[PDB]
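Spelled out, the chains give:
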Amino acid sequence: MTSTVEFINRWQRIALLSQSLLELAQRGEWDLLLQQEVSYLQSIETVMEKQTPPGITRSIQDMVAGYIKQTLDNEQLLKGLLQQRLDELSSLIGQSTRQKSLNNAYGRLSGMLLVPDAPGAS
């Protein structure tokens, strides 16, 4: 499950960075957001465009989805503070990539197991 550890480490990368950027933004350390900007955009797109691993458990599903939900809400408070727009900093695809991609991805993980077919929720 080395690819699954790497996958959880993908969503740890986004979760941890967005948490940092939340706290720092509230502290007025906007410079640190602008220095982490390209690092964060790099991270989030590397994660989205990287394939789902086979060896997932129920535990892994809830921790990954827990980190998706976490980074969505932290960075959403950021999005609202900055300009209210779902995409900010510099750009991903020029439009709200994050909302469409990570919320659909949440639904796919919750429905089948992160494949573009079955969306689900409890």
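Residues numbered from 1 in each chain as written, not as in the entry; some residues may be left out. Heavy atoms only, no water.

Method information in the entry identifies solution NMR as the source of the structure.

On to the pattern of salt bridges, then. In the structure shown here, the tally under the stated rule is seven salt bridges. Between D62 and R58 there is a salt bridge, with its nearest N and O atoms 2.9 Å apart. Of this pair, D62 and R58 both sit in helix α3 (residues 58-82), separated by four residues, roughly a single helical turn. The exposure class of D62 is partly exposed, given its relative accessible area of 43%. Across the pair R98 and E75 runs a salt bridge whose closest N-O atoms are separated by 3.1 Å. Residue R98 is located in helix α4 (residues 97-111), and its partner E75 is located in helix α3; the two are separated by 23 residues in the primary sequence. A residue is classified by how much of its surface remains accessible, and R98, at 6% relative accessible area, is buried. Through salt bridges with shared partners, a single network forms among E75, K79 and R98. (Salt bridge = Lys/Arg side-chain N within 4 Å of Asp/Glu carboxyl O. Helix = DSSP H or I, 4+ residues; strand = E, 2+ residues; numbered from the N terminus. Buried < 20%, exposed > 50% of the residue type's maximum accessible area, 1.4 Å probe, protein only.)

With 15 residues, α4 should reach 21 Å at 1.5 Å per residue; the first-to-last C-alpha distance of 21 Å fits that figure. Among the residues of α4, those classed as buried are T97, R98, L102, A105, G107, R108 and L109. Tucked into the core, α4 has its buried residues touching α1 (2-26), α2 (30-48) and α3. (Expected span 1.5 Å × (residues − 1). Contact = heavy atoms within 4.5 Å.)

What follows concerns the packing of α1 against α3. The interhelical angle for the contact between α1 and α3, taken along N-to-C directions, is 25°, at an axis separation of 9 Å. Judged by the inter-axis angle, α1 sits roughly parallel to α3. As for how α1 packs across α3, the hand of that crossing is left-handed. Contacts between α1 and α3 involve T4, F7, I8, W11, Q12, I14, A15, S18, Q19, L21, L22 and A25 from the former and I60, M63, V64, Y67, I68, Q70, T71, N74, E75, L77 and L78 from the latter. (Axes fitted to C-alpha atoms, helices over the stretch in contact; angles between N-to-C directions. Parallel < 35°, antiparallel > 145°, perpendicular 65-115°, else oblique. Left-handed = near helix turned anticlockwise from the far one by under 90°.)

The end-to-end C-alpha separation of α2 is 25 Å, in line with the 27 Å expected for 19 residues at 1.5 Å each. Its axis deflected by about 45° at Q36, α2 carries its strongest bend there. Taken together, the buried positions of α2 are occupied by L33, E37, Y40, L41, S43, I44, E45 and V47. (Bend = angle between axes of the 7 residues up to and from the residue.)

A word on a nonpolar patch on the surface. A contiguous nonpolar patch, built from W30, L81 and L82 and spanning about 260 Å² of accessible area, is present on the exposed surface. Looking at the secondary structure, you find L81 in helix α3. In this structure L81 comes out as partly exposed when scored by relative accessible area, which is 48%. (Patch = residues over 30% accessible without salt bridge, like charges linked within 9 Å, V, L, I, M, F, W, Y side chains within 5 Å. Areas by Shrake-Rupley, 256 points an atom, 1.4 Å probe, with all protein chains shown as cover.)

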